[PDB]
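FYI, it's all coordinate maths here, none of it is from the lab. Neighbour counts are summed over all protein chains in view; Cβ atoms, including those assigned to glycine, are modelled from backbone coordinates with ideal geometry.
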Amino acid sequence: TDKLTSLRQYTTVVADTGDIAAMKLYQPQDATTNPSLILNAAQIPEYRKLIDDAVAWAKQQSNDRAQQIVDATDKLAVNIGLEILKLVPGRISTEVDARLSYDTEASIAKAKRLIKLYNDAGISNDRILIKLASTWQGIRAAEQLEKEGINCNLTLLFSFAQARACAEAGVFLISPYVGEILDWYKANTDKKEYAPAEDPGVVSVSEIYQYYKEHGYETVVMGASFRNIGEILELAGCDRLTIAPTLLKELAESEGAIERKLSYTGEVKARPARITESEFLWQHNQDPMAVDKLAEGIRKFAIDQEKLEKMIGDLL
């Protein structure tokens, strides 16, 4: 057998790409996009139809250039999601404009707007995850959105504070990061070689998974962002794992069954009082890796948003 097939016994496999070609090749349960992958996917010549559709659609909403840019960029990301939904039986994750990350009300509105576009194309909410950065503001947006029947994927999750607050908000899914935590440690410590079980992104996701199962939380744990297949196999058992095509290819080409690494066989323990905002801020900011990587990820995705708008502006 091969390591991809073996992994699927323990973990739901999700493809982290806007490339529909990968969905046919790997046949994942779900798919995830983010603003960088939408920008990359938007630049593939074969996707020009989706852009053109998005723009034509945008042009039939308003006569305002600034608004058309918004409508077209939203619609393009949803258009990509619809193509993926034709080829995957589960969820598509679509991420809000990252410039909204510290704004709860704007994030709630933007999530409702994307849900509306998806519903207008005949997709129910049970096939969509709206992706929001796991800042306090995004977590509060998610708590409200779930109550309104909108399922969320809380992403760029780096600190335990973030993990706990997402669990207590009752979010449908978390995407705790792995590879970018490895990046931070190599960059900020002497040690630049880790065995899989000591990879600090692996440690983080493993700890979060235990805290989640230990307290009976229903939020799905989906490890995300990988540097190597060693990291993935060390997280076999994770509810879901979203994996880039390059690493899906390496798993599929690797021979030999793997063991399940991540389990919780135990009692549902009682939950603490909920973390307050002040406690969350203290605790997140105790973690210098999370301080850096949350802020950075939001910055980079906002830049991708701006580039997408520059492309769309050039087509209006």
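Does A302 meet the test of being assigned to a helix (DSSP H, G or I) and either surrounded by 15 or more Cβ atoms within 10 Å (Cβ to Cβ) or among the small types (G, A, S) (or both)? Taking the combined requirement at face value, the residue satisfies it. For region 1-19, filtered to residues that are of a type in the set (A, V, I, L, M, F, W, C) and in contact with a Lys or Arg (Cβ under 8 Å, 6 or more places away or on another chain), the residue that is farthest from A77 (Cα to Cα) is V13. For region 2-51, a tally of residues being of a type in the set (D, E), in contact (Cβ under 8 Å) with a residue 24 or more places away in the chain and surrounded by fewer than 17 Cβ atoms within 10 Å (Cβ to Cβ) returns 1. Selection of region 24-57 for residues being closer than 20 Å to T155 by Cβ and touching a strand residue (DSSP E or B) at 6+ places or on another chain (Cβ under 7 Å) yields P28, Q29, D30, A31, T32, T33, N34, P35. For region 209-224, a residue qualifies if it is hydroxyl-bearing (S, T, Y) and assigned to a loop (DSSP other than H, G, I, E, B), and the qualifying residues are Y217, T219.
Only one of the numbered conditions (1) among the charged types (D, E, K, R); (2) under 24 Å from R99 (Cβ atoms); (3) not in a helix (DSSP H, G or I) is violated by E143, and that is (3). Against the test of being closer than 30 Å to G237 by Cβ and among the acidic types (D, E), the options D16, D52, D64 yield a single qualifying residue, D16. Among the residues of region 182-206, the ones that are touching a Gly at 6+ places or on another chain (Cβ under 8 Å) and among the β-branched types (V, I, T) come to 1 in all. In region 109-158, the residue that is nearest to the chain's Cα centre (by Cα) out of those that are crowded, with 24+ Cβ neighbours inside 10 Å and small (G, A, S) is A133.
Suppose the filter is small (G, A, S) and within 17 Å of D2 (Cβ to Cβ); does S225 pass it? So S225 fails the test.
Pick out, from region 6-108, the strands (runs of 3 or more DSSP E) lying fully within it that include 2 or more residues that are farther than 20 Å from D120 by Cα and under 15 Å from the mean Cα position of the chain (by Cα).
Hits in region 6-108: 12-16, 30-32.
Assess whether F280 counts as being within 21 Å of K131 (Cβ to Cβ), assigned to a helix (DSSP H, G or I), among the hydrophobic types (A, V, I, L, M, F, W, C) and touching a helix residue (DSSP H, G or I) at 6+ places or on another chain (Cβ under 6 Å). Judged against the criteria, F280 is a match. Note on region 55-69: residues that are farther than 19 Å from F301 by Cβ, surrounded by 14 or more Cβ atoms within 10 Å (Cβ to Cβ) and of a type outside the set (D, E, K, R) amount to 4. Residues of region 169-208 that are more than 16 Å from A133 (Cα to Cα), of a type in the set (D, E, K, R), part of a helix (DSSP H, G or I) and in contact (Cβ under 8 Å) with a residue 12 or more places away in the chain: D183, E207.
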